[PDB]
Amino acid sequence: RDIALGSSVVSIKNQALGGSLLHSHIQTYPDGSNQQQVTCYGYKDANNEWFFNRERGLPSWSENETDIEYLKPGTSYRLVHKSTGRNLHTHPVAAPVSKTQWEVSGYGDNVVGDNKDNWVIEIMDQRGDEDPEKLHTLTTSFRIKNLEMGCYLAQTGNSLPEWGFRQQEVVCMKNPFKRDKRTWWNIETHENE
């Protein structure tokens, strides 16, 4: 089953050395924007779960919708943390450890937020033979670009301070090289219905 808008709940794994799972929780940044932390995490738990929602300002996905909408590279989506309902978010705020990159946070909901909540998928590799323009669990590698800031979601390899449970720093990288695997991700788990 290809990944769908709204109904697909996924975990998302980073492909650099020591890369792990995109993660959030209710604790906030002590400096920076003071918004909700986003990290990478080395174990499997429900705080690794995300789903894709429509771009800011369009109708939120509803289970009452009858048609399935498969994710498309190049389309703007929000990436929503399932346990907290916050949107993956960035902005021109320095990251907590990689001070030359941008902080990535969880922000707002279906009402609260703005166009900095819009992200765009770019497929970098398909090892399978399925539709090369769709996302497939495990076998599709992709980058996740913030549309407004132009930067790429990345796990830097830095550990956070104790205030982030010593989890892995996530930033939005400015002008990375295309093959930088800190910016490459895959769907690691997929549950739908």
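Start at 1 with the first residue shown and count on from there.
- Taking the mean C-alpha B-factor of each stretch as recorded, 117 to 125 and 67 to 75 are not equal, and the higher mean is that of 67 to 75.
- Mean CA B-factor, 13 to 21 versus 175 to 183: the higher value falls on 175 to 183.
- Remark: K134 belongs to the highest third of its chain, ranked by C-alpha B-factor as recorded.
- Sort the modelled residues of the chain by CA B factor and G106 lands in the lowest third.
- Looking at the C-alpha B-factors along this chain, the one for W61 belongs to the highest third.
- The entry lists a Cα temperature factor for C151 that places it in the middle third of the chain's modelled residues.
- Sort the modelled residues of the chain by CA B factor and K99 lands in the highest third.
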